[PDB]
Amino acid sequence: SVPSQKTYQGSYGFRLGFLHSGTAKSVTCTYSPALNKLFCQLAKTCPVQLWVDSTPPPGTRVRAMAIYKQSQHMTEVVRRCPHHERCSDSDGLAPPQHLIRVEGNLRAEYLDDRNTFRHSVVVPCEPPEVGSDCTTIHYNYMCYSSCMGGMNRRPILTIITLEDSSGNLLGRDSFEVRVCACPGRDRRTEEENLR
Ligand SMILES: CN(C)CCn1cc(-c2ccc(F)cc2)c(-n2cccc2)n1
Ligand SMILES: [Zn+2]
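Taking UniProt numbering, the leading residue of the sequence shown gets 96, the next gets one more, and so forth.
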């Protein structure tokens, strides 16, 4: 009833990477290594790098899923709030209920799990562009952490899994996410609080 969040590099040495975007007031997406936490604005591009030591087989896929970080909420499906699920902002592929979208990939598939009811979005693994050392996926988060009747100020984690063609686990990584109006300020504040 709860997806594992255990970091697992697996046989291919799978792990995530994030850009270094800084904490200026104007920043739209920024990652804190000290907090393992991504801060982003609503519906803005979040670049996430996929790193491997060796190339996985054809048919390998990468899935993203959100869960609540606090144990007492972890069995609750993370979904868009009653306002955002009804705002008709679909890209024609993502169901309006899904928090996490993949941007600019027509091969993205959205799953409503028939047993757990959890949402996820999965894309085929593709080779890096010539000249690049990793592949990047662009995610969007479609509700604020503060949305009432949705996340309602509760922190979430995104779990990224590398899967074979049957959906079996090959690798796993994860990060906390806060979707907020001013990611730069919030990252600075939370990093100061930690210190
Ligand atoms: C070590 N270097 C060479 C890795 C380059 N790379 C190939 C794939 C790759 C290429 C084709 C395919 F079918 C599956 C993975 C991939 N990758 C990993 C996650 C998502 C893409 N990275
Ligand atoms: Zn919302």
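Ideal Cβ positions, reconstructed from N, Cα and C, are used throughout, including at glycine.
To which residues does DSSP link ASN200 through a beta bridge?
Within the sequence shown, residue 200 is the residue found at index 105, counting from 1. None; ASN200 has no bridge partner.
Is the distance from the Cβ of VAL97 to the Cβ of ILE195 below 8 Å?
Here the question's residue 97 lines up with position 2 in the sequence shown. Here the question's residue 195 lines up with position 100 in the sequence shown. Contact flag unset, no.
Output the residue ranges of the beta strand (DSSP E) runs that lie fully inside the segment 135-164 and measure 3 residues or longer, sorted by chain position.
141-146, 156-163, all fully within the segment 135-164.
Based on the DSSP secondary-structure assignment, which residues constitute the bridge partners of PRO219?
Here the question's residue 219 lines up with position 124 in the sequence shown. Bridge partners of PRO219: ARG156.
Pull up the CB-CB distance for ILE251 and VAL143, whole angstroms please, since I reckon it's below 8 Å.
Within the sequence shown, the letter at position 156 stands for residue 251. Within the sequence shown, the letter at position 48 stands for residue 143. At roughly 15 Å, the Cβ-Cβ gap does not stay under 8 Å, so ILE251 and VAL143 are not in contact.
Exposed or buried, what is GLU221 when buried is set at 16 or more other beta-carbons lying within 10 Å of its beta-carbon?
Taking the first residue of the sequence shown as 1, we reach residue 221 at position 126. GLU221 counts as exposed, since fewer than 16 other beta carbons sit within 10 angstroms of its beta carbon.
Please report the residue range of the beta strand (DSSP E) in which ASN235 lies.
Against the sequence shown, residue 235 aligns to sequence position 140. Run containing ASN235: 230-236, per the beta strand (DSSP E) assignment.
Whole angstroms is fine: what's the gap from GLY117's alpha carbon to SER166's?
As a working note, residue 117 is residue 22 in the sequence shown. As a working note, residue 166 is residue 71 in the sequence shown. So the alpha carbons of these two residues sit roughly 31 Å apart.
Enumerate in chain order the residues of its own chain whose CB-to-CB distance from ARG175 is below 8 Å, with the five nearest sequence positions on each side excluded.
Along the sequence shown, one-based indexing puts residue 175 at 80. Around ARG175: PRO191, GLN192, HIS193, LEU194, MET237, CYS238, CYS242, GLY245.
Near ligand 2: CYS277 beta-carbon under 7 Å from a heavy atom
Position 182 of the sequence shown, counted from the start, is the residue given in the question as residue 277. False, no ligand heavy atom lies under 7 Å from that Cβ.
Pull up the distance between the alpha-carbon of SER261 and that of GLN104, whole angstroms please.
In the sequence shown, the residue the question calls residue 261 occupies position 166. In the sequence shown, the residue the question calls residue 104 occupies position 9. Across the structure, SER261 and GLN104 are spaced so that their CA atoms are roughly 19 Å apart.
Going by Cα to Cα distance, which pick from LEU289, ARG273, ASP281, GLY266 is closest to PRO151?
For the purposes of this step, residue 151 is taken as the residue at position 56 of the sequence shown. Relative to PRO151, the option among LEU289, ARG273, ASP281, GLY266 whose CA is nearest is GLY266.
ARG282: first and last residue of the uninterrupted alpha helix (DSSP H) it sits in
As a first step, residue 282 is located in the sequence shown; it is residue number 187 there, counting from the start. Here the alpha helix (DSSP H) through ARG282 covers 278-289.
In chain order, what residues of the same chain lie with their CB nearer than 8 Å to the CB of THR230, ignoring the 5 residues before and after it?
Stepping through the sequence shown from its first residue, residue 230 is reached at position 135. Sequence-distant Cβ neighbours of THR230 in its own chain, meaning closer than 8 Å and more than five residues away, are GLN144, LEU145, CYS220, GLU221, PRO222, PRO223.
Judging by CA-CA distance, which residue of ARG282, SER183, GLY199, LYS164 is the nearest neighbour of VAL217?
As a first step, residue 217 is located in the sequence shown; it is residue number 122 there, counting from the start. Relative to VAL217, the option among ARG282, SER183, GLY199, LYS164 whose CA is nearest is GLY199.
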